[PDB]
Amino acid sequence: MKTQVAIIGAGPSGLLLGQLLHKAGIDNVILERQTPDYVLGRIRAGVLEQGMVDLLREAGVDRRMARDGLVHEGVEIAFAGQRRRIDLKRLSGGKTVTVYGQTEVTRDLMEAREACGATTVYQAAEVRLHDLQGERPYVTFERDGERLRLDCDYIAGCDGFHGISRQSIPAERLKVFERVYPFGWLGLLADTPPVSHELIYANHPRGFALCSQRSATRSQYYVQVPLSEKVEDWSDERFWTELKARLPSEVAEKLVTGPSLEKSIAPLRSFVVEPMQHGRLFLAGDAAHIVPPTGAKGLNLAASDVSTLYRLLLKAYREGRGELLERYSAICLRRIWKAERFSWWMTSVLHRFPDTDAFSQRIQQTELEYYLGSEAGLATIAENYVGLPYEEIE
């Protein structure tokens, strides 16, 4: 096979990059290790930044989102028995966020790519990258019992955290930054109407809780739990009782509960690699970084990494400004670090950390009080939550 941009991974990052390149007339091929149904079987949430919403529209894959997505003009943080609303729209000047799951976005992108006949090779086993520092890099993989070669000009590693792309870069060139939080999130998805039209992030002595939604009849809730917790020890009844205990009475009081459609515990961690490229290989999305779910920035960083790569690739192909690609990592990292910082801040002020002393507890309560009670403070939250402005490049 032969293309211009080889793409490893058919998750959100790879599909979005591929659809953007497709519309731009830049040849591209996506190689995915799993099957279509396997990828779609991954149930993942999503709170889309304005930048991502705009990118999906630019990619021509927004019809479903415009119909099934939930546009939120604000978000609330609860603590000390009170609900504090952050007016994202007002504070940002018009920006909002859209609650539409990664799973749905992935589904939409796959239907769009399948419809236009773009190239996607599923069940591409043993993917391997070659001659990355040359002008003719290529990829090899096995399919239907045969080895194939894919020649290209560039390679976009969009293969996630456990992909092969990040592992294909000499360890000497990379620097890893990481942190694991001392707790996980026990989530419960149910066919019940949400308790609020907007999300509710709750800080409570017993621990963090979050009220989210999927539709008028489907809701998603979470409560923080220690690392060693087993989902088996958490019946729906126990979850509902603990969730209510961490929410203001007025909220817990009007909460509609019911059987769970799915329950699971997920850890919270951060990870960033520098740089995010090597020769003709460029990493994007989870292949380069991880963030905790608190700020819902994972899916959004995948989008911003792709946007940047796409725009630089355009400059290379249409302006012969290929040297600009050298700036890919520096640009993405500035945004990734700010997202990691905001995600870290949100995690720090909303959760109960083990072995915390009285002073720390008071500092945390004061952080919430100050930020939610100041216009400047509220602004820092709002501008970060809807997503900081994309860097124009150059």
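Counting begins at 1, following the sequence as shown.
Colleague: Averaging only over Cα atoms, indicate whether 215 to 223 or 300 to 308 has the higher B-factor in the PDB entry.
Modeller: The deposited B-factors put 215 to 223 ahead on the C-alpha mean.
Colleague: For the higher mean C-alpha B factor in the entry, choose 290 to 298 or 86 to 94.
Modeller: 86 to 94 has the higher mean C-alpha B-factor.
Colleague: Could you check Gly285, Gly145, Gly74, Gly207 and tell me which one carries the biggest Cα B-factor in the deposited entry?
Modeller: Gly145 has the highest C-alpha B-factor of those listed.
Colleague: From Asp131, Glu198, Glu242, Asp108, pick the one with the largest CA B-factor in the entry?
Modeller: That would be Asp131.
Colleague: Comparing against every modelled residue in the chain, figure out the third that the C-alpha B-factor of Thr356 lands in (lowest, middle or highest).
Modeller: Highest third, going by the recorded CA B-factors of the chain.
Colleague: Based on the deposited C-alpha B factors for this chain, I'd like to know if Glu126 is in the lowest, middle or highest third.
Modeller: For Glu126, whose C-alpha B-factor we compare with every modelled residue in the chain, the answer is the highest third.
Colleague: Sorting the chain's modelled residues by C-alpha B-factor, tell me whether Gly373 ends up in the lowest, middle or highest third.
Modeller: Its C-alpha B-factor belongs to the middle third of this chain's values.
Colleague: C-alpha B factor of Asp233, ranked within the chain: lowest, middle or highest third?
Modeller: Its C-alpha B-factor, which the entry lists for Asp233, ranks in the highest third among residues of this chain.
Colleague: If you rank every modelled residue in this chain by C-alpha B factor, which third holds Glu367: lowest, middle or highest?
Modeller: Its C-alpha B-factor belongs to the lowest third of this chain's values.
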